[PDB]
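See structure below.
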Amino acid sequence: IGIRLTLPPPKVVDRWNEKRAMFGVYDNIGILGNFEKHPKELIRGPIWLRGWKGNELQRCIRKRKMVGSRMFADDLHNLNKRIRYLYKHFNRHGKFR
Amino acid sequence: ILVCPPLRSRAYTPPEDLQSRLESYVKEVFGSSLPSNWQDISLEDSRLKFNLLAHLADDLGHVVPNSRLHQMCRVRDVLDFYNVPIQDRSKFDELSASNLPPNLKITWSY
Amino acid sequence: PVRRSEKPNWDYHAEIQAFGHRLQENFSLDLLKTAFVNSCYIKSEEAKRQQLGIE
Amino acid sequence: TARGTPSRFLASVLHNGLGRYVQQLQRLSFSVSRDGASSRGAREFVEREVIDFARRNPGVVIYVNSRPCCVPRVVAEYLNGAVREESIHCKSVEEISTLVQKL
Amino acid sequence: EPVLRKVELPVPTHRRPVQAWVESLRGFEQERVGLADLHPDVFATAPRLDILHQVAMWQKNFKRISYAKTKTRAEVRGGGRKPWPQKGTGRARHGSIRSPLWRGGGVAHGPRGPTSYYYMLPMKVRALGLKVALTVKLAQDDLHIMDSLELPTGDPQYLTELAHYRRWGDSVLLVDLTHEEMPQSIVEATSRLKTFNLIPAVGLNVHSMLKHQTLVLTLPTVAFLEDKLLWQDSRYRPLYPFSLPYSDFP
Ligand SMILES: [Mg+2]
Ligand SMILES: [Mg+2]
Ligand SMILES: [Mg+2]
Ligand SMILES: [Mg+2]
């Protein structure tokens, strides 16, 4: 049997949050703040992909270039093997060549 | 200190002396003559338009909305607006006040 | 099982009127409402109002 | 399949067309929502067509409950006692009119 | 005396301006203290809900970075040698544990790394979305334009009772400009309310305008909006980004 016997506790969500109410504020800052900032300078994330979409191979290459001088050892080796595998995949296997 | 003047109904019924009242307040606001077509003069002058619509909204209680504030170019247009009338009963109050048959009952759990 | 009078969607006057109408007949509704009561129901309702003592 | 479901013989309920024809429908119990997009077709049905439907065949008693529900329904009760409950969840006005006419 | 606000930008030869009432917040029923007209290219564009959907979904998804990650079959711990050699026993051929078939294996096609979803619309599309959303807020009788946000008291019950009396809505987005001339009364009022919001005019956006029921602008705000949004019409190619000098552009 997979199904649960009792229905779950009620998940109550506050739609008038602090974060939900001011979502999208200081977006659209460049257009009507005479272009002092870009809207991509509002992004808060990893230091390599802040305003950059990328592939899986391209994300790994960019992370190795911008950060891989200060990564941990096992994480750096795993990133090396991932870039090797993804090069072998994208440039040799698949349909549509 | 200034708390709670009561809410006002949105319903409206235009009175029967609407023509005399409009001509009286146009004579009062514009300070001009009748000559031939009082209901064809324009309201591009925004001070005169504001004085007319503010005086009417003070008197009759209904006020022109913004989407209809756009479309008033003549006094014929505000005369055609003040013959519209609307009604602010609920849906259930309007439904039970229709000619319901003897075999249709409705209830409201709200 | 319970009577249909005790389930939620129920109105007596509309049911008597529809009972008159679906048989394609014209009953005078007072005589039909007279016909649907019973002597046992009368005695039981007065027994219920007297065990509680309500006039 | 026919071996897996029950079966009955073709029958009238109480010899309808012999004497007088009687409408075999007793009730229609409607439960629609005030707010909620799933009950929009039923909301418009209660607006425009249930009054003419009630005037059309007066043997039927119609109830509209107007209850908060994620799926609106119609319960059709017949003379022999059977109860048929159908969902009018996200349907047109024409589909609901077809459904209550077939019921 | 009445407050009249004529548009200072040049209108086209046809296409006369659209108007709106000027309310205030000092009194309790002080609506209709003046009458303003607005630029029809900003407040009367075509309704265009496709552009609303484009800018709304861009605004929701361009900031998103999802930090989901699972371990592939090369990162799960262990799994080196070949268990039960290829031809001897009668089990199924396997070359490593932690292959994705096994319990405790790595995922075959799972999420990979912190993935970004960044893309930018052309700026004319975003400005067109703002003009479209202002027009949609006007035509459905939702927009209200004030002379100055100033309450007499500065307590939130006054603000919510006034918004109830004027039949605005359950939520309302209040806009002032420049974030420093916001007076103390409205700030101390709406700093506690949960559905009423103050933003500077730089932070106007399609998502907050759709999320809140009405939208309350100011007369310096509507002049600012007309200038910044009409500048996209009649503008050249960039030639370098507009933060650089450009003799006309401040
Ligand atoms: Mg390994
Ligand atoms: Mg192998
Ligand atoms: Mg695992
Ligand atoms: Mg384990």
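In the structure tokens, the first chain shown is A, the next is B, and so on; residue numbers restart at 1 for each chain, and ligands run from 1 in the order shown.
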Practice task
Counting only C-alpha atoms, collect the residues of chain B whose closest atom lies at most 10 Å from chain E, and write them out as a PyMOL selection string.
Solution key: chain B and resi 1-8+46-47+49-51+53-54+57-58+63-72
Practice task
Using only C-alpha atoms, find the residues of chain B whose closest atom to chain C is at most 10 Å away, then write them as a list in words.
Solution key: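 The contacting residues on chain B are residues 101, 102, 103, 104 and 105 of chain B.
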Distance limit 9 Å, reference ligand 1, atoms considered: only C-alpha atoms and all ligand atoms. Which residues make the cut? Give them as an mmCIF file with N, CA, C and O atoms, in the first residue's frame.
```cif
data_model
loop_
_atom_site.group_PDB
_atom_site.id
_atom_site.type_symbol
_atom_site.label_atom_id
_atom_site.label_comp_id
_atom_site.auth_asym_id
_atom_site.auth_seq_id
_atom_site.Cartn_x
_atom_site.Cartn_y
_atom_site.Cartn_z
ATOM 1 N N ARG E 73 25.904 9.423 -10.951
ATOM 2 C CA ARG E 73 26.452 8.124 -10.577
ATOM 3 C C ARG E 73 27.967 8.126 -10.433
ATOM 4 O O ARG E 73 28.538 7.083 -10.109
ATOM 5 N N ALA E 74 28.624 9.259 -10.658
ATOM 6 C CA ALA E 74 30.053 9.407 -10.440
ATOM 7 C C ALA E 74 30.392 10.171 -9.168
ATOM 8 O O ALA E 74 31.566 10.248 -8.806
ATOM 9 N N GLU E 75 29.408 10.743 -8.486
ATOM 10 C CA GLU E 75 29.663 11.512 -7.280
ATOM 11 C C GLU E 75 29.175 10.841 -6.009
ATOM 12 O O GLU E 75 29.537 11.290 -4.920
ATOM 13 N N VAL E 76 28.351 9.802 -6.118
ATOM 14 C CA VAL E 76 27.894 9.066 -4.950
ATOM 15 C C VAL E 76 29.053 8.256 -4.376
ATOM 16 O O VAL E 76 29.897 7.737 -5.114
ATOM 17 N N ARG E 77 29.112 8.177 -3.044
ATOM 18 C CA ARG E 77 30.282 7.663 -2.344
ATOM 19 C C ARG E 77 30.478 6.174 -2.576
ATOM 20 O O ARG E 77 29.563 5.376 -2.365
ATOM 21 N N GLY E 78 31.679 5.801 -3.001
ATOM 22 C CA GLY E 78 32.024 4.411 -3.194
ATOM 23 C C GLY E 78 31.735 3.940 -4.597
ATOM 24 O O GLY E 78 31.851 4.713 -5.547
ATOM 25 N N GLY E 79 31.357 2.676 -4.740
ATOM 26 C CA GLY E 79 30.946 2.161 -6.035
ATOM 27 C C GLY E 79 32.072 1.979 -7.024
ATOM 28 O O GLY E 79 31.920 2.323 -8.201
ATOM 29 N N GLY E 80 33.196 1.443 -6.580
ATOM 30 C CA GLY E 80 34.342 1.333 -7.453
ATOM 31 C C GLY E 80 34.387 0.093 -8.315
ATOM 32 O O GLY E 80 34.393 0.193 -9.540
ATOM 33 N N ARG E 81 34.412 -1.081 -7.699
ATOM 34 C CA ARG E 81 34.701 -2.305 -8.427
ATOM 35 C C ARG E 81 33.438 -2.927 -8.988
ATOM 36 O O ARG E 81 32.319 -2.509 -8.703
ATOM 37 N N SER E 96 28.983 -1.692 -11.607
ATOM 38 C CA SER E 96 29.214 -0.855 -10.448
ATOM 39 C C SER E 96 27.927 -0.812 -9.666
ATOM 40 O O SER E 96 26.853 -0.738 -10.254
ATOM 41 N N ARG E 98 25.905 1.840 -7.148
ATOM 42 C CA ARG E 98 25.588 3.256 -7.362
ATOM 43 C C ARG E 98 25.315 3.591 -8.820
ATOM 44 O O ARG E 98 25.396 4.757 -9.201
#
```
Check every protein, DNA and RNA residue against ligand 4, keep those with an atom at most 9 Å away (counting only C-alpha atoms and all ligand atoms), and present them as a PDB file with C-alpha atoms, in the first residue's frame.
```pdb
ATOM      1  CA  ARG E 103      18.901   1.376  -4.331  1.00  0.00           C
ATOM      2  CA  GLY E 104      21.221   4.105  -3.172  1.00  0.00           C
ATOM      3  CA  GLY E 105      22.448   4.973  -6.643  1.00  0.00           C
TER       4      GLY E 105
END
```
Exercise for the section: List all protein, DNA and RNA residues that have any atom at most 8 Å from ligand 2, counting only C-alpha atoms and all ligand atoms, and write the list as a count of residues only. Expected result: 4
Problem - Polymer residues at most 9 Å from residue D:38, only C-alpha atoms, same-chain spacing of 4 or more positions, as an MDAnalysis selection string - result: chainID D and resid 33 42 69:72 88:91
Exercise for the section: Select residues of chain A: the criterion is any atom within 9 Å of an atom of chain E, counting only C-alpha atoms; output as a PyMOL selection string. Expected result: chain A and resi 16-18+21-37+39-40+42-46+49-56+59-60+78+81-82
Practice task
Tell me, in Å to one decimal, how far atom CA of residue E:7 is from atom CA of residue E:55.
Solution key: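 So the answer is 27.1 Å.
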